[PDB]
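Engineer: First the structure, which I've put down as structure tokens, then a few questions once you've had a look.
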Amino acid sequence: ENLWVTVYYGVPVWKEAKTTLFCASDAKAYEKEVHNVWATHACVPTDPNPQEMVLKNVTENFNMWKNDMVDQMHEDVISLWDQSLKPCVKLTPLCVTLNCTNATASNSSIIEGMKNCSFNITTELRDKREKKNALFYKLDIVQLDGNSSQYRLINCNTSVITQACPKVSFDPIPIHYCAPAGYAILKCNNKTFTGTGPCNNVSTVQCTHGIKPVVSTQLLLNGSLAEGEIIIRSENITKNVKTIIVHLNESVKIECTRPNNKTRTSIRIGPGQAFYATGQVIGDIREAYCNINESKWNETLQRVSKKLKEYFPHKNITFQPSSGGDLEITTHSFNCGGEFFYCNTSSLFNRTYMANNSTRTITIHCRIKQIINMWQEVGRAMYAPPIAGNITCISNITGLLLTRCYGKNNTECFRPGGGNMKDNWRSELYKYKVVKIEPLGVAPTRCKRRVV
Amino acid sequence: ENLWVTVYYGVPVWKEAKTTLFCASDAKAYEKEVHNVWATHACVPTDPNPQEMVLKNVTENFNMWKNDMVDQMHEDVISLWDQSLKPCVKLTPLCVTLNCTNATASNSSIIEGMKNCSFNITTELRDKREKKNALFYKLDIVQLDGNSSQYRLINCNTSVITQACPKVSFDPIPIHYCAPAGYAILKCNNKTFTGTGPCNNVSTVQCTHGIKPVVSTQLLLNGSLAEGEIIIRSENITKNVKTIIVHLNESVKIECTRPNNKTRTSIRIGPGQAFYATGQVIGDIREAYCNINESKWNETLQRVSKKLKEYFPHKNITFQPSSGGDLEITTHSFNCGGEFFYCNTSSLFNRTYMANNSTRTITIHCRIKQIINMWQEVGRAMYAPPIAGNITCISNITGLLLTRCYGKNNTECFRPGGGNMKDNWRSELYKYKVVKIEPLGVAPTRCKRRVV
Amino acid sequence: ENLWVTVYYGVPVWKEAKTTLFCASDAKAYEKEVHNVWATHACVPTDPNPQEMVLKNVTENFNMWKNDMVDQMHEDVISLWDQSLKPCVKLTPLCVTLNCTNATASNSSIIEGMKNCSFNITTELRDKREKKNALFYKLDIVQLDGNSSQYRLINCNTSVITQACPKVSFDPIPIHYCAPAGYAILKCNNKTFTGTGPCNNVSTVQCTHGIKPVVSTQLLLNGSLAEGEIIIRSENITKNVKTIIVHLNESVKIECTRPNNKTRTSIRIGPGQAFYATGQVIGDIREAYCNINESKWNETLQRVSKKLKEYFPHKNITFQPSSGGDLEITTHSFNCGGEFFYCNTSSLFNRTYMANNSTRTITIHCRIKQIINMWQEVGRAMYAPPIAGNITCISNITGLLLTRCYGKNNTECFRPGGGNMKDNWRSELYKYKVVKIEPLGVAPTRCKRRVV
Amino acid sequence: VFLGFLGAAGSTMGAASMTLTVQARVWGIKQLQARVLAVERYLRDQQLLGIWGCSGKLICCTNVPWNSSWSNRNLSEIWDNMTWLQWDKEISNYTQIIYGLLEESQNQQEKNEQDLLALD
Amino acid sequence: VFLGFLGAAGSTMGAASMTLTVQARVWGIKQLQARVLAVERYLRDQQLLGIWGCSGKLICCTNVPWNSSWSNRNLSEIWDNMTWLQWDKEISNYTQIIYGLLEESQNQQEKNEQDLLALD
Amino acid sequence: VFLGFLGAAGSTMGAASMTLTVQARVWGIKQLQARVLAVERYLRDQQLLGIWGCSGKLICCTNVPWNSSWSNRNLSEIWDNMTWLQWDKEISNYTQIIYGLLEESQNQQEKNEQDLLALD
């Protein structure tokens, strides 16, 4: 009795919903004269501080494998390459027949994996064309059927190629996501949260922490570390269609280097356009390699097997190397120093486990490639201009994109190789969630409005 | 005395004004895996239900021949084609000299209206070109001023050509026009309203009904039907410069077919781009034709003459066939099954009238054409790739775009052929009007505000 | 005691800040049937009247040499050229080798400054190419490093040329700059204000007066006149890095004419594209020239020396001609009648002064040029099609973009030639300033709110 | 429950005043322009009411006496017959004037309230 | 001044009613769409309050009696017991009904005020 | 009739307070951004007044006592003789403090009204 409606505003309640999220960048955006790296050129807003505000007693549901933020991350990452390759030179005039032979390093020693090609190209005057020459990797070249001296660029019979502008060199600059006014980006602080199910220590923020837009295939490198011990995530660990994102609490250092120099030479394609190819190769014959502290890898694989068999305590666990086929899918990949590696990781995933640091470094030999059919797109390609000087690179492994195979034996199988590239960014945005606030409410109380 | 101002808000009053109208599409979108047909791909918002709300005792003015909505419809229709032809292959490389001769169907029988052409084109390798061959209609080809065996594409000496992407096949998907918040789309329900002058049974809606974006020249096919008997419309029936839109309350079925079969062959232009031409023609020699129930046409023309001579009761009325000139203007047209037709309608408009159903089918022989100088634009063209298999089409005539000529005799003249393409869309948006609401008003009353 | 807060809204106070300014234009749009001149194509909010409202007692600071409006003006001026040259024909196909010789006017007299070139170009059919011919100024041509009869376009070895569409003829249509709702465009009325320092007679407006977007180098022609006597402006007159903008209160008429006649001829580049070269030159051989009333120039330079030596009363003042180098920087430039001039101004700036009107017309011989490396950009160019008939031009000098040199003698030096193109528009927007209103304030008063 | 929209047009001024709350209630940059048009056209008419003291009232009575220089009617029975549209066609000649009077009246009230409460 | 944004969530309703003012307080096109979304979402909830007479009140009491057909609680011992989230999950079934009642109640008050002051 | 704009600047605060209603009253994306800037900059200052209880008042008197830690003058003789720009240059040091006091004061009033009418 004597209860009437009363309307509140500013009620703290929310409901899940998708929205368009800002893109931001650190106020330390770019320092090489701010020559328009995609993060600084597009994600203009500067350093929104994450003023985290814990929530006393909230119990909130999370679901990483179907959240709204990952798709936006993938779309932005794909689209930010198109907005930067558009002005660069097209290599359409270069898709001509090539008369190509073997290359030779110093002392006339044949160099494996290279071929000295010569081709006809139009000069500044459109009536004249001359016979230039440059050196292509064997993986940028497909032999024209029949004669052994005729070749053609691998990609220029399916799609157009565009050289990457050297002035906009790509780098993993961190990216901050901030929900627009009216929304709120929650997140979970439970330091053993398994990626799905409720979290009892939710908190909100203006924006996500700096997220590196790394690109890689099977070692999820330069990531962030878990705060507890090794964690394992999957929508259904049993089902093979789902990538088993293993997340490391112990970074394992990995080095990769290219021990010889490259001669960058400029070939003019026409009015005001330059095409940088690789001339003579300087230095001795080598294959770019990578190093890992064998003690640390032994320990980390022991730990991952220990954690993984808690879900399969009955039987042994066997790791296996990549199956085989296209280098694009069967090899750990990255872009250290502006040149794309492609490493063979068969030697790192052959250890097996049964039921019940500067020493012994492991080495793995890595190919290199220039014409990248970027993972971000199919039906188009890119050309990475050669980089002078030997390139050394150091990074911290912080995860594995395993996946389980159907071995005939009676024990478990896990081999590297993810099924999609979204899993790279789903190892950083597994905490967050985005909700829309509904600050209007109605409740009963002991009041009725005045009559005057 | 004792009267003071008082201001009302939410007053229901309005005034005519132009505005930017939403573009919507049925929730039943193009569902061949939703490969982005222009209508739903761009006009995303889905099926706003027309909650019609009749207005009591309202008297409102209408003027179809100068309304604001038709121009927006025409601009949107023109623009939606440009936004969909942009990515498709350009046929600029194909505008080369042709060595072309007569074609032959089975049994070496000469086929009229075709010519087996062959030409030099650059292959995937830009240094190699080969002699391909394809068959062009005689209307896509203009003889070079010289030897009788040299030919050139009809349109590639004035403007560029772009092939229509097969995956975005055009179709009349209905389009709903909705005014933005603040405006209101009125309409007339008087079922004998003659296109101008006030209506006494106005009503409002969120949006227009589904409007088919049909393209045609002289028979307004697949349209909507009047609710009473045949209606005649014009800004001034006497003046010849104005199209006399006749609107049928009785649909007259029309069929059209292309009995031949077509061989689609793929000629590569370069990287990734494909160009679909017509190879050998299969089946016996024929000419695409159309059928009309002669009884129904006799009756419909009797009715239209009966209604038309009420404005000219003194003298007889004579229909006449199209005068002559370019096929683009002197012939019924449509785009059944993805291939354009051009029908001769001289046999349908020769009946005459004096003062005071599966039988006898009429036939009319229709040309076919590929390189369309689309009515929507001048100075550019399009190429419609050949469609395999014989194509049958059925549609309902629901109007005539007549126009009166100056015959020497003492009786009236009316021949098909409109003067502009806007009249196609002015037969659906002759009901509606768009007005801006002005919900602020003032009035006198017996009140003055309190002093406290 | 008994003083409480009270909040006012609509307070008239402001603070300087950069903002996005409207771009407007007179309702008197492009006179030639509104065929989309840049100012009429996009910037067309119709004639916002400058309702100037003087401020009784304001004392406000101004700083022309660092104001926010000049940069927006420069960006808009650069950008509105790109939006108008985009659809015009690219002359990439025309950068072919040329076989060129000497030209001749009537009576076989050699016409110095022209060369009769001939070249191979592809016609409507992409398999046929023919030998055409045209006449290029010696400044549009660079001799190939080889035989003396081979030539190549000056600019087609660094960038891509684009012809200017004749239908969008450029003209200084005035442009009004209006601040958006919330801001206010102040200005100074002190008629001897020297470009920096506070003004005691501020006033506000909806918009700036009509500002002509003139392009020139050393004589700020067709400008606005100061209201007092000759004014001198600079950030620091002593320092040489800053242009000394002299402002004339007395307009000095200047004429420039091109007595020759030009034969415009059309060379087809391909499908629907035309290239307007120059054929035979009609009329007798002459060089375009400019005229100045020597009495008025003598008087104006006397006045400028009188005003300038008030800052150096103990020194003689010596004007000097342009030093030398590219015609782009050493010659008074403009665009009369659609063809760019390049005038030598050495004869106008050799007068000297010591310490303590239809007669004697001066003449200066002006080059002419077609392929303009427009001041607005570097790395791209433009082609100005030839204009038929002789062209006469009349304009009013209203300023000098002087700059002081380091002469060996102890007396002063000043030679024409500005260091940047922004000074052209900083002679019109030296009055205005843009501020943001902050209409919320707080002050104490003898009131407290009611309790009921 | 949605009561339709604009259904009280015609009818009478007396009847339409009891349903005022019915009228008060992706294709590129073309559509965003429509959104901004709606927002700004609402904000115009909603700020213009605050200046007159009628901050949140659909029907508001104010201090500005009427005179026959503007429209003149008995509006005892005419008030129930006008109807609204005919009224706008009638009094539109003088709406530009009434706003200044209302603004001055509101300024008077606000200044008076600020002065009187200084004695509190 | 700033005090976080959502800390009162998860606390009891009675305690959270004192922090209402905390919750109440180039990519180009991508950011502009979000900005317009924020503006229009705020205007929706700030007009829906004006229609009910609560023009500028965070907490507003109004004339619509409660009945057990909607959510039923003691809400004397249970008030300041549930947190706003559970309450929203409880009464969300009937808000679309309450809004019409509030609208009609506000119309009644405005009409009554306009009628009574005619005798002034 | 349009009374110009911003003309009261430079005059004494006493006189300028009677013209408050004067100050209160398409190149694609750039122009649209300008429009959205205007809309949002108005809405911010219009919401910042509702939080203080001055929902629709140009001149508003409120419950927050003054103290000399902020700007201090004999503001009966210096109420005039001072001009708005100089006043803002004087008191701009402490507005961020005053806003919180006003917010808390408004919350107090709303809570008090909610509690008192529980007896009615």
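Residues are named by chain letter and number: chains run A, B, ... in the order of the structure tokens, numbers start at 1 in each chain, and ligands are numbered from 1 in the order shown.
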With a cut-off of 8 Å and counting only C-alpha atoms, select all residues of chain A in contact with chain E and give the selection as an MDAnalysis selection string.

Structural biologist: chainID A and resid 2:14 20:22 41:44 51:58 180:182 204 439:442 444 447:449

Engineer: Residues as selected, C-alpha atoms, written as a short mmCIF file (atom, residue, chain, number, x, y, z; two decimals), in the first residue's frame, can you do that?

Structural biologist:
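Contents of selection.cif, freshly written:
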data_model
loop_
_atom_site.label_atom_id
_atom_site.label_comp_id
_atom_site.auth_asym_id
_atom_site.auth_seq_id
_atom_site.Cartn_x
_atom_site.Cartn_y
_atom_site.Cartn_z
CA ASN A 2 1.01 3.63 -0.59
CA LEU A 3 3.71 2.64 -3.09
CA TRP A 4 4.17 4.67 -6.28
CA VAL A 5 6.50 4.66 -9.27
CA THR A 6 9.69 6.71 -9.15
CA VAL A 7 12.13 7.11 -12.04
CA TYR A 8 15.88 7.23 -11.45
CA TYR A 9 18.53 8.52 -13.84
CA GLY A 10 22.19 7.62 -13.75
CA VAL A 11 21.35 4.09 -12.61
CA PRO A 12 24.51 1.91 -12.85
CA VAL A 13 23.22 -0.96 -15.01
CA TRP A 14 24.39 -2.35 -18.34
CA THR A 20 32.21 0.99 -32.90
CA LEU A 21 35.37 1.38 -30.83
CA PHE A 22 37.79 4.29 -31.08
CA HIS A 41 48.31 8.66 -39.30
CA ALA A 42 44.88 7.15 -38.55
CA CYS A 43 44.51 6.49 -34.79
CA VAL A 44 45.09 10.16 -33.98
CA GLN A 51 41.80 4.93 -15.10
CA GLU A 52 40.89 1.47 -13.81
CA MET A 53 38.06 1.47 -11.25
CA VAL A 54 37.50 -1.88 -9.55
CA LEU A 55 33.91 -3.01 -8.94
CA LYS A 56 33.22 -4.18 -5.40
CA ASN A 57 30.90 -7.14 -5.93
CA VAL A 58 30.16 -7.74 -9.63
CA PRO A 180 32.72 5.82 -27.11
CA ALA A 181 30.75 7.92 -24.68
CA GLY A 182 27.94 5.86 -23.18
CA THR A 204 36.38 -1.13 -15.87
CA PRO A 439 21.06 4.71 -16.95
CA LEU A 440 17.24 4.85 -16.73
CA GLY A 441 15.30 2.80 -14.21
CA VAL A 442 12.02 2.56 -12.33
CA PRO A 444 8.68 1.64 -6.12
CA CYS A 447 6.24 8.92 -2.32
CA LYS A 448 3.75 10.59 -4.63
CA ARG A 449 4.37 13.88 -6.39
#

Engineer: Would you kindly report the residues of chain D within 8 Å of chain F, using only C-alpha atoms, as a list in words?

Structural biologist: residues 33, 36, 40, 50, 51, 53, 55, 97, 100, 103, 107, 110, 111 and 114 of chain D

Engineer: For N, CA and C atoms, I'd like the residues from the last selection saved as a tab-separated table (two decimals), in the first residue's frame.

Structural biologist:
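What follows is the written file result_10.tsv:
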chain	number	residue	atom	x	y	z
D	33	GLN	N	23.90	12.85	-42.62
D	33	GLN	CA	23.36	14.20	-42.74
D	33	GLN	C	21.91	14.24	-42.27
D	36	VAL	N	21.95	14.14	-38.40
D	36	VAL	CA	22.31	15.43	-37.82
D	36	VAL	C	21.21	16.46	-38.04
D	40	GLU	N	19.60	18.45	-34.87
D	40	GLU	CA	19.69	19.90	-34.76
D	40	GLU	C	18.33	20.56	-34.88
D	50	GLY	N	13.25	27.07	-23.88
D	50	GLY	CA	13.90	27.43	-22.63
D	50	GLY	C	14.03	28.93	-22.46
D	51	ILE	N	14.23	29.65	-23.57
D	51	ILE	CA	14.37	31.10	-23.51
D	51	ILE	C	13.10	31.77	-23.03
D	53	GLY	N	11.06	30.44	-20.69
D	53	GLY	CA	10.70	29.90	-19.40
D	53	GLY	C	9.92	28.60	-19.45
D	55	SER	N	10.56	25.48	-19.99
D	55	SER	CA	11.70	24.60	-20.21
D	55	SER	C	11.30	23.18	-20.61
D	97	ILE	N	7.18	38.20	-34.33
D	97	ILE	CA	7.15	39.29	-33.35
D	97	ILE	C	7.00	38.74	-31.94
D	100	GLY	N	10.14	37.91	-29.54
D	100	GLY	CA	10.84	38.95	-28.81
D	100	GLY	C	10.13	39.33	-27.53
D	103	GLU	N	10.74	36.63	-25.01
D	103	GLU	CA	12.11	36.69	-24.50
D	103	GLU	C	12.26	37.79	-23.46
D	107	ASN	N	13.23	37.34	-19.45
D	107	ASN	CA	14.33	38.05	-18.82
D	107	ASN	C	13.84	38.84	-17.60
D	110	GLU	N	13.41	36.34	-14.67
D	110	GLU	CA	14.66	35.85	-14.11
D	110	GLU	C	15.37	36.93	-13.31
D	111	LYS	N	15.41	38.16	-13.84
D	111	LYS	CA	16.03	39.25	-13.10
D	111	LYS	C	15.29	39.52	-11.80
D	114	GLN	N	16.17	36.83	-9.26
D	114	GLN	CA	17.51	37.04	-8.73
D	114	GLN	C	17.57	38.21	-7.76

Engineer: Identify every residue of chain C that has at least one atom within 7 Å of any atom of chain A, counting only C-alpha atoms, and report the result as a list in words.

Structural biologist: residues 95, 96, 97, 156, 157, 158, 159 and 160 of chain C

Engineer: Write down as a PyMOL selection string the residues belonging to chain E that are assigned strand (DSSP E or B) by DSSP computed on the backbone.

Structural biologist: chain E and resi 12+59-65+83

Engineer: Using N, CA and C atoms, can you write the selected residues to a file as a short mmCIF file (atom, residue, chain, number, x, y, z; two decimals), in the first residue's frame?

Structural biologist:
data_model
loop_
_atom_site.label_atom_id
_atom_site.label_comp_id
_atom_site.auth_asym_id
_atom_site.auth_seq_id
_atom_site.Cartn_x
_atom_site.Cartn_y
_atom_site.Cartn_z
N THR E 12 24.40 -2.15 -3.03
CA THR E 12 22.95 -2.14 -2.84
C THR E 12 22.34 -0.87 -3.41
N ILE E 59 16.65 12.02 -9.49
CA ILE E 59 15.66 11.23 -8.77
C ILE E 59 14.34 11.97 -8.83
N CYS E 60 13.29 11.29 -9.26
CA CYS E 60 12.01 11.96 -9.51
C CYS E 60 10.89 11.04 -9.06
N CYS E 61 9.96 11.60 -8.28
CA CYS E 61 8.81 10.85 -7.80
C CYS E 61 7.55 11.34 -8.52
N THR E 62 6.69 10.39 -8.90
CA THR E 62 5.63 10.68 -9.86
C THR E 62 4.36 9.94 -9.48
N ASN E 63 3.27 10.27 -10.19
CA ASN E 63 1.92 9.81 -9.86
C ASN E 63 1.51 8.64 -10.75
N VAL E 64 1.91 7.44 -10.33
CA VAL E 64 1.44 6.21 -10.95
C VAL E 64 1.50 5.10 -9.90
N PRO E 65 0.37 4.70 -9.31
CA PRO E 65 0.43 3.72 -8.22
C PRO E 65 0.97 2.37 -8.68
N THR E 83 21.05 -5.47 -5.73
CA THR E 83 21.80 -4.49 -6.49
C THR E 83 21.08 -4.21 -7.81
#

Engineer: Over all C-alpha atoms, paired in order, superpose chain E onto chain F by least squares and report how large the RMSD is in Å.

Structural biologist: 0.6 Å

Engineer: Distance CA of residue 355 in chain B-CA of residue 241 in chain B, one decimal place?

Structural biologist: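 Answer for the CA of residue 355 in chain B to CA of residue 241 in chain B separation: 25.7 Å.
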
Engineer: Can you list, as an MDAnalysis selection string, every residue of range 230-428 of chain A that DSSP puts in helix (DSSP H, G or I)?

Structural biologist: chainID A and resid 294:308 336:338 421:427

Engineer: When you look at range 420-424 of chain B with a cut-off of 9 Å (counting only C-alpha atoms), what residues show up, excluding the ones that are within fewer than 6 positions of it in the same chain? I need them as a PyMOL selection string.

Structural biologist: chain B and resi 70-71+73-74+213-217+220+243+245+375-376+401

Engineer: Name all residues at most 8 Å from residue 411 in chain C (count only C-alpha atoms; drop same-chain ones fewer than 5 positions away) and give them as a PyMOL selection string.

Structural biologist: chain C and resi 315-318

Engineer: Give me the residues within 10 Å of residue 330 in chain C as an MDAnalysis selection string, counting only C-alpha atoms and dropping any in the same chain fewer than 3 places off.

Structural biologist: chainID C and resid 217:218 321:327 333 342:346 416:418

Engineer: Please provide the set of residues having any atom within 12 Å of residue 149 in chain C, restricted to only C-alpha atoms, with same-chain residues fewer than 6 positions apart removed, written as an mmCIF file with N, CA and C atoms, in the first residue's frame.

Structural biologist:
data_model
loop_
_atom_site.group_PDB
_atom_site.id
_atom_site.type_symbol
_atom_site.label_atom_id
_atom_site.label_comp_id
_atom_site.auth_asym_id
_atom_site.auth_seq_id
_atom_site.Cartn_x
_atom_site.Cartn_y
_atom_site.Cartn_z
ATOM 1 N N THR C 97 59.694 10.378 -77.089
ATOM 2 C CA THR C 97 60.767 11.152 -77.695
ATOM 3 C C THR C 97 60.210 12.022 -78.813
ATOM 4 N N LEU C 98 60.798 13.203 -78.981
ATOM 5 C CA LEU C 98 60.345 14.183 -79.957
ATOM 6 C C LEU C 98 61.458 14.461 -80.958
ATOM 7 N N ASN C 99 61.093 14.555 -82.231
ATOM 8 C CA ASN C 99 61.983 15.048 -83.272
ATOM 9 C C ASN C 99 61.556 16.475 -83.589
ATOM 10 N N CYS C 100 62.356 17.445 -83.155
ATOM 11 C CA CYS C 100 61.911 18.827 -83.088
ATOM 12 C C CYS C 100 62.878 19.728 -83.840
ATOM 13 N N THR C 101 62.329 20.789 -84.428
ATOM 14 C CA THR C 101 63.099 21.728 -85.230
ATOM 15 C C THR C 101 62.645 23.142 -84.900
ATOM 16 N N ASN C 102 63.124 24.099 -85.693
ATOM 17 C CA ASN C 102 62.770 25.496 -85.479
ATOM 18 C C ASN C 102 61.424 25.809 -86.122
ATOM 19 N N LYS C 115 59.479 25.868 -80.929
ATOM 20 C CA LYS C 115 60.103 24.768 -81.643
ATOM 21 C C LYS C 115 59.025 23.822 -82.150
ATOM 22 N N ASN C 116 59.095 23.495 -83.438
ATOM 23 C CA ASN C 116 58.100 22.644 -84.084
ATOM 24 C C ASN C 116 58.468 21.185 -83.847
ATOM 25 N N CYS C 117 57.830 20.562 -82.861
ATOM 26 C CA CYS C 117 58.083 19.171 -82.516
ATOM 27 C C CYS C 117 57.099 18.258 -83.234
ATOM 28 N N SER C 118 57.504 17.006 -83.429
ATOM 29 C CA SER C 118 56.645 15.957 -83.962
ATOM 30 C C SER C 118 56.923 14.667 -83.203
ATOM 31 N N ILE C 141 60.511 22.279 -72.865
ATOM 32 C CA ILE C 141 61.304 21.304 -73.597
ATOM 33 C C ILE C 141 62.719 21.292 -73.040
ATOM 34 N N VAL C 142 63.267 20.093 -72.850
ATOM 35 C CA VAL C 142 64.651 19.903 -72.437
ATOM 36 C C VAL C 142 65.349 19.054 -73.487
ATOM 37 N N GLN C 143 66.479 19.544 -73.984
ATOM 38 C CA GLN C 143 67.203 18.824 -75.020
ATOM 39 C C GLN C 143 67.754 17.522 -74.458
#

Engineer: Just want the 10 Å neighbourhood of range 81-91 of chain B, counted on only C-alpha atoms, with same-chain residues fewer than 4 positions away dropped. Output as a compact mmCIF listing (two decimals) with N, CA, C and O atoms, in the first residue's frame.

Structural biologist:
# COMPACT_ATOMS: atom_id res chain seq x y z
N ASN B 36 26.39 -9.18 -52.30
CA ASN B 36 26.40 -7.73 -52.45
C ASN B 36 25.74 -7.27 -53.76
O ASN B 36 26.39 -6.70 -54.64
N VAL B 37 24.44 -7.53 -53.88
CA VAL B 37 23.64 -6.79 -54.86
C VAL B 37 23.44 -5.38 -54.33
O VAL B 37 23.30 -5.16 -53.12
N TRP B 38 23.42 -4.41 -55.24
CA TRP B 38 23.55 -3.01 -54.84
C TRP B 38 22.49 -2.60 -53.82
O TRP B 38 22.78 -1.85 -52.88
N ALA B 42 24.12 -1.61 -49.96
CA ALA B 42 24.32 -0.21 -49.59
C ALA B 42 23.15 0.33 -48.76
O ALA B 42 23.36 0.87 -47.68
N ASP B 76 19.63 8.31 -57.19
CA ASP B 76 20.05 7.09 -56.51
C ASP B 76 20.17 5.93 -57.49
O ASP B 76 21.12 5.14 -57.42
N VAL B 77 19.22 5.82 -58.43
CA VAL B 77 19.29 4.75 -59.41
C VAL B 77 20.52 4.88 -60.30
O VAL B 77 21.19 3.89 -60.56
N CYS B 95 40.00 -2.77 -77.19
CA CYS B 95 39.65 -1.89 -78.30
C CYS B 95 40.78 -1.89 -79.33
O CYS B 95 41.50 -0.90 -79.47
N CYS B 156 34.04 1.96 -78.38
CA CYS B 156 35.38 2.27 -77.90
C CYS B 156 36.07 3.36 -78.70
O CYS B 156 37.30 3.47 -78.63
N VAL B 160 35.01 4.81 -72.47
CA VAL B 160 35.51 3.55 -71.94
C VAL B 160 34.37 2.55 -71.81
O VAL B 160 33.19 2.91 -71.84
N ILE B 161 34.73 1.28 -71.67
CA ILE B 161 33.77 0.19 -71.48
C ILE B 161 34.20 -0.60 -70.26
O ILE B 161 35.39 -0.81 -70.03
N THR B 162 33.22 -1.05 -69.47
CA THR B 162 33.47 -1.89 -68.31
C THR B 162 32.49 -3.04 -68.29
O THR B 162 31.28 -2.84 -68.39
N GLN B 163 33.01 -4.25 -68.16
CA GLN B 163 32.17 -5.44 -68.11
C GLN B 163 31.38 -5.47 -66.81
O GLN B 163 31.86 -5.01 -65.77
N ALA B 164 30.16 -6.00 -66.88
CA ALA B 164 29.34 -6.12 -65.68
C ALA B 164 29.71 -7.39 -64.93
O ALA B 164 29.72 -8.48 -65.51
N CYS B 165 30.02 -7.24 -63.65
CA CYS B 165 30.47 -8.37 -62.86
C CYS B 165 29.37 -9.43 -62.78
O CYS B 165 28.25 -9.10 -62.36
N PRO B 166 29.63 -10.67 -63.18
CA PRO B 166 28.55 -11.68 -63.14
C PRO B 166 28.01 -11.94 -61.75
O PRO B 166 26.86 -12.41 -61.62
N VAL B 168 27.16 -9.89 -59.40
CA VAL B 168 26.29 -8.85 -58.87
C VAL B 168 25.08 -8.70 -59.77
O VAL B 168 24.55 -7.59 -59.93
N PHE B 170 22.06 -7.92 -61.76
CA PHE B 170 21.05 -6.92 -61.43
C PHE B 170 19.67 -7.54 -61.40
O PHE B 170 19.38 -8.50 -62.12
N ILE B 269 42.76 -11.17 -69.81
CA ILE B 269 43.29 -9.87 -70.20
C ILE B 269 44.62 -9.56 -69.51
O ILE B 269 45.40 -8.76 -70.04
N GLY B 272 44.68 -11.68 -63.18
CA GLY B 272 43.45 -11.91 -62.45
C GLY B 272 42.18 -11.59 -63.22
O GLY B 272 41.16 -12.25 -63.05
N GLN B 273 42.24 -10.57 -64.08
CA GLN B 273 41.05 -10.12 -64.80
C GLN B 273 40.64 -11.16 -65.83
O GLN B 273 41.49 -11.74 -66.51
N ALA B 274 39.33 -11.40 -65.94
CA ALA B 274 38.77 -12.31 -66.92
C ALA B 274 37.74 -11.57 -67.77
O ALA B 274 37.03 -10.70 -67.26
N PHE B 275 37.67 -11.92 -69.05
CA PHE B 275 36.75 -11.30 -69.99
C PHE B 275 35.92 -12.38 -70.67
O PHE B 275 36.47 -13.20 -71.42
N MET B 374 24.20 2.72 -71.50
CA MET B 374 23.13 2.73 -70.51
C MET B 374 22.42 4.07 -70.47
O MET B 374 23.05 5.13 -70.41
N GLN B 376 21.25 5.55 -68.23
CA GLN B 376 21.57 6.33 -67.04
C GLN B 376 22.68 7.33 -67.27
O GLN B 376 22.86 8.24 -66.46
N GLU B 377 23.45 7.20 -68.36
CA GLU B 377 24.60 8.06 -68.57
C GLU B 377 24.88 8.20 -70.06
O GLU B 377 24.48 7.36 -70.87
N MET B 382 28.73 0.07 -71.05
CA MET B 382 28.84 -1.15 -70.27
C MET B 382 28.76 -2.33 -71.22
O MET B 382 28.21 -2.24 -72.31
N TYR B 383 29.33 -3.46 -70.79
CA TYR B 383 29.31 -4.70 -71.56
C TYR B 383 28.60 -5.76 -70.73
O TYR B 383 28.97 -5.99 -69.58
